[PDB]
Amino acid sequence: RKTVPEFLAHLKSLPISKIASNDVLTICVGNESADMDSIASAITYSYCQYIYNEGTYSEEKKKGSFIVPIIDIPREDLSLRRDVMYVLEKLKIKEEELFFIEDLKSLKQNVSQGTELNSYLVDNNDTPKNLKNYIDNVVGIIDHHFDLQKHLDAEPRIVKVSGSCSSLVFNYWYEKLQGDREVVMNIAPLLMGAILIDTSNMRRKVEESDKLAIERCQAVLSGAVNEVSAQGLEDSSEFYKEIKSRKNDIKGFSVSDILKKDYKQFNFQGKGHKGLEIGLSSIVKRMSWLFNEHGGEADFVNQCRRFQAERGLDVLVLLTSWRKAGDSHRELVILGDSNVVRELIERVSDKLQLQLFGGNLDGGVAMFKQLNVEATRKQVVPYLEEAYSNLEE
């Protein structure tokens, strides 16, 4: 049985007609942000399906084509996720063994012309917008984000609370594989990379799914022992510190890089039939740090406006978060048409406890301390959707 890198290399070595079956090519893709969770989840789903299909858990229930895991960014952008690069290096997964947007385009182009391209979704529950023209059918979903209630016939269809999607993927496959210890060993570093970064080392956003996934990994990684030592948890701590420091490291990146490396885009519907195109960048350093590293406030804001225009956005929002002295802090910066941004912010400012520190809503660029440190992009987006629905048009 192949390890994860061996499986990926094997996929790369095959003709596309041996990956597709009866003129269906099946993939598994995460979300447009391509974070640790999206990448770990997609690779894990694809790998577990492969092991399941060739083994004896799937005796008298046959079938089962290969699933190509896709990371939904240009290959070159992987390097902006220094945490992910570290986890892959540790499992000896080479970038040339992975499949990015370019690879998915090559597959679509080189497959026979009547082949359907179907997708499992992990770490999202509707198809990333940029892939809507490539994916014919959604066949299955496992996710932990707000349920959009689409593709209700998907199999599986798991959209449940979880610190990490990777926990849900792992647990689903663990049951189907009857706890196969070799599989657990082979995926645990990648899985733990996602779970630990998502839960800040099992201290935040922890759900029953995460606790169970961690318990299963510990049981395998410890093996038969008389006494459980502190070593396993110490090793998880050192691993977490390595990944966290790297996620927190955006030194040397351009403003464009920083804005695009953890980014999501939406079209909100309002009272007008025209929607609001809005992008949200999640960033790991405070605005003052960003300004100092990028030629000062004015230079930085100009680069933001450039990014906005390039992505065709009515509104660009930056959400920063950091920790110092055991205290969490957040900021929210918004750029867009003065009319719309003032109305949006005025409608969410109480809930997010926003305090202006820069700019002016009448000017279309404004910067706020966000004293509601619990609200992440996952909450900010619904708050802004609700605000936008109340605007006159």
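Start at 1 with the first residue shown and count on from there.
When the mean C-alpha temperature factors of 260-268 and 295-303 are read from the deposited coordinates, 260-268 comes out higher.
The stretch 319-327 shows the higher mean C-alpha B-factor when 319-327 is compared against 243-251 in the entry.
In this structure the maximum Cα B-factor among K90, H144, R157, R286 is found at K90. In the PDB entry, the Cα temperature factor peaks, among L276, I71, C217, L80, at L276. Per the PDB record, residue ranking by Cα B-factor puts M185 in the middle third of the chain. The PDB entry assigns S237 a C-alpha temperature factor belonging to the lowest third of its chain's modelled residues. In this PDB entry, the Cα temperature factor of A9 sits in the bottom third of its chain's modelled residues, the lowest group.
In this PDB entry, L121 carries a Cα temperature factor that places it within the lowest third of its chain's modelled residues.
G114 sits in the highest third of its chain by CA B factor, as recorded in the PDB entry.
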